[PDB]
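A short write-up of the structure that comes next.
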Amino acid sequence: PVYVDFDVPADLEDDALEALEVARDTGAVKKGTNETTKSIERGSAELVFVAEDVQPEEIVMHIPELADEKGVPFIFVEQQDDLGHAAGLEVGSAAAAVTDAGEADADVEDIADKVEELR
Amino acid sequence: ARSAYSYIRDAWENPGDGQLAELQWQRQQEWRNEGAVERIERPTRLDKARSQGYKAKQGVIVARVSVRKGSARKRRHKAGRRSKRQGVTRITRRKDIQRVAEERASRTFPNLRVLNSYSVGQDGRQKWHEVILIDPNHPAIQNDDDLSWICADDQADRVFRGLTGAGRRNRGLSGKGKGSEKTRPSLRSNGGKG
Amino acid sequence: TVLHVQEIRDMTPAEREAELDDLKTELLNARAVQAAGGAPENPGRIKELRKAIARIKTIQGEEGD
Amino acid sequence: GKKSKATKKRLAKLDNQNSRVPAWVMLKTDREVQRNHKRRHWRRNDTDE
Amino acid sequence: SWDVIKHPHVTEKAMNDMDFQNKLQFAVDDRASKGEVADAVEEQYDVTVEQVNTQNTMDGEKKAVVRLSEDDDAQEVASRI
RNA sequence: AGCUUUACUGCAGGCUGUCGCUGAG
RNA sequence: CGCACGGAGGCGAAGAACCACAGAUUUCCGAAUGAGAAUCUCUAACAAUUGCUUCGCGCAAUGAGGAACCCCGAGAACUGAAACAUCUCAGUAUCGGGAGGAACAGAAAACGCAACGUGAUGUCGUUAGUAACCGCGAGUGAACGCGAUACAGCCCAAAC
Ligand SMILES: [Cl-]
Ligand SMILES: [Cl-]
Ligand SMILES: [K+]
Ligand SMILES: [Mg+2]
Ligand SMILES: [Mg+2]
Ligand SMILES: [Mg+2]
Ligand SMILES: [Mg+2]
Ligand SMILES: [Mg+2]
Ligand SMILES: [Mg+2]
Ligand SMILES: [Mg+2]
Ligand SMILES: [Mg+2]
Ligand SMILES: [Mg+2]
Ligand SMILES: [Mg+2]
Ligand code: NA
Ligand code: NA
Ligand code: NA
Ligand code: NA
Ligand code: NA
Ligand code: NA
Ligand code: NA
Ligand code: NA
Ligand code: NA
Ligand code: NA
């Protein structure tokens, strides 16, 4: 909430989540804030996911500002445990990253835009 | 590359700046309405917790503890005292608020033992510290190498004997040389002069 | 004396319970006599009735009844 | 005063402890034992409680 | 475990109740109720218990005055033991 | 030792300035 | 067949008594734990606080004791200063909390015989009534090093 500066329309969210599962089978993804973080740092990040229900918030506060100075596009997920399930994990995940999608690029490509457009 | 953690940490260098500032201005509110000892499922400072011995495992608990701010709550003398000993206002306790917190917490969880603790802020009248505790009886811990040590009998009630880290520090045991003549190997063995 | 361990063990879980209740009743009447200024006693016996009972019980424990 | 079943038992024990040292013990001990070093008179003494 | 009946309370007064009211007096265990005392007796002696009065004695023991049914005879019972 | 006071020295308590809680124009 | 040497009686060659280890039994109150209560009572019980959790007291923990010793907190006054306030008595007496068979300490952000040197920690001897403190009064008072004792070094957090 303190690091959330724009709300992602329920449906737009679905699209992002869909692209993730497909990217988890066509290409590569990063589960867990630590790995996500290093991606944004090692540039190897296309699109990153951040949950809206995380406590403590410290764990994620840095994602936005960090991404916003590395070009890497990022979108918000409302529930932490859907992101986990999407990434392919039993448990939930605070934030994940899509490293080289796969058959999800067009979608992602547009999501990246769709969001930029959502400011 | 910088671990994700390193950010959580760097953010607390100045708990009164940016996001962490507003975050505190918000939490403390829900905090000032919580109890004395509140078990919480996740550490507000993951870097620190993990650093001090935390581990998202079983038998590992955390709890936030508030303690009043200020000097000792002392009662004036009701019998003869020489001037030196008639003080009240400026007398302070020899055990830091952090240690006070580690104890209030440990007592709330009789079966557990204190592993460590760290600060998490303070408003105008109180201080909050989060305390990491351990179920010395859980097999998940009895089998973890980086922790099973705390199961030893001689580790029982360690916080009340000052074996905690904040304890050994508050005991003047930091330095190994000059200055620690009356602290090591023990305050009491040095006739309480440190 | 007028009862042994082996002999107590050569009984069946139903024979001891049987022997037990026997002694008790004997004991109880012994006491009844004493209570009424009993004289035709043989003190070394009312003492035994207690030890025997102990033994039968000790055994009911060991033998699993 | 109304007593309880517990109190009544204690008193009973006390009354009993307040008896002579059996005549025979004297002989059995060649008279080294004669006095009940615990005689408690109702008037002259005071029972706890 | 503890036994309900300790033994026959035998004294002049107990005799009277026996020879006059068909009553048998017993020294029983203090945790025993009247009903328990009743049963126990009808068993160890094979009779019919009509009524039972109890009293906690200054001896640390509980005395019970048991009255038998008109059929059974107190004297005849007590005689055998 | 109790007691007193414009005895000596201090300690509670009260009033007051300041700092922290403490932010917007 | 206790101390305990009486009387009556009994037990033991089916090896008793007696001693060693192991086991059985082991009332009520008692941390006292279903609830209450001057050791009893009333209608199934880990009361209470916790951990894990089949989220069910299901599996566990705590509580209390102990000669002193130990560790962490609270902390006098008589007294000495020939009065007395700092100082001293003394971090003593006493109080609160807690561990063990021993505790605590412990592998250098050390020492600083200043070195081309020592090498975790307790303790004992000495260093020394030295340095240092103090109405610079009365008093208070180490350490490094040295000789001994015994020696023992390791584990995470993070980077990947
Ligand atoms: Cl502890
Ligand atoms: Cl050296
Ligand atoms: K003084
Ligand atoms: Mg390892
Ligand atoms: Mg020591
Ligand atoms: Mg009498
Ligand atoms: Mg009555
Ligand atoms: Mg005077
Ligand atoms: Mg009770
Ligand atoms: Mg003087
Ligand atoms: Mg002088
Ligand atoms: Mg001194
Ligand atoms: Mg030195
Ligand atoms: Na505890
Ligand atoms: Na000091
Ligand atoms: Na009297
Ligand atoms: Na009797
Ligand atoms: Na006076
Ligand atoms: Na025993
Ligand atoms: Na349960
Ligand atoms: Na003097
Ligand atoms: Na004087
Ligand atoms: Na001075």
A:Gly88 meets each of (1) more than 11 Å from chain B (Cβ to nearest Cβ); (2) touching an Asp or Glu at 6+ places or on another chain (Cβ under 6 Å); (3) of a type outside the set (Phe, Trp, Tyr) with one exception, condition (2)
Give me the residue from the stretch B:72-92 that is within 28 Å of B:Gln126 (Cβ to Cβ) and hydrophobic (A, V, I, L, M, F, W, C) and, out of that set, nearest to RNA strand F (Cβ to nearest atom).
B:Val88
Could you grab me the full set of residues in the stretch A:47-96 that are without any contact (Cβ under 8 Å) to a residue 24 or more places away in the chain, within 17 Å of B:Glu41 (Cβ to Cβ) and outside any loop (DSSP other than H, G, I, E, B)?
A:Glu58, A:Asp81
All positions within the stretch B:105-159 that are within 11 Å of ligand 14 (Cβ to nearest atom), surrounded by fewer than 19 Cβ atoms within 10 Å (Cβ to Cβ) and either within 14 Å of chain A (Cβ to nearest Cβ) or of a type in the set (A, V, I, L, M, F, W, C) (or both):
B:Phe109, B:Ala156
Just to be sure I understand, how many residues within the stretch E:1-44 are among the aromatic types (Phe, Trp, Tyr) and within 11 Å of another protein chain (Cβ to nearest Cβ)?
1
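Residues checked against (1) within 12 Å of the chain's Cα centre (by Cα); (2) closer than 26 Å to D:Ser4 by Cβ:
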residue	(1), (2)
E:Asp39	yes, no
E:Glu50	yes, no
E:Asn53	yes, yes
E:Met58	no, yes
E:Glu61	no, yes
E:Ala64	yes, yes
E:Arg67	yes, no
E:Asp73	no, no
E:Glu76	no, no
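Output the number of residues of the stretch B:74-101 satisfying the condition of being surrounded by 10 or more Cβ atoms within 10 Å (Cβ to Cβ) and either within 14 Å of chain A (Cβ to nearest Cβ) or away from ligand 1 (no atom under 16 Å from the Cβ) (or both).
Within the stretch B:74-101, residues that are surrounded by 10 or more Cβ atoms within 10 Å (Cβ to Cβ) and either within 14 Å of chain A (Cβ to nearest Cβ) or away from ligand 1 (no atom under 16 Å from the Cβ) (or both) number 12.
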What pairs can you find where one residue is in the stretch B:1-13 and within 7 Å of chain A (Cβ to nearest Cβ), the other is in a loop (DSSP other than H, G, I, E, B), and their Cβ atoms are less than 7 Å apart, with a gap of 6+ or different chains?
B:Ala1/A:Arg42; B:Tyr7/A:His62; B:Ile8/B:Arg45
When you go through E:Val37, E:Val77, E:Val65, E:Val10 one by one, which is the residue that is over 30 Å from D:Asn18 (Cα atoms) and either out of contact with any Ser or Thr (no Cβ under 8 Å at 6 or more places or on another chain) or in contact (Cβ under 8 Å) with a residue 40 or more places away in the chain (or both)?
E:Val77
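In this analysis, Cβ positions are derived from the backbone assuming ideal geometry, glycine residues included, and neighbour counts consider all displayed protein chains. Readers should treat all values here as calculations from the given coordinates under stated rules, not as data from a laboratory.
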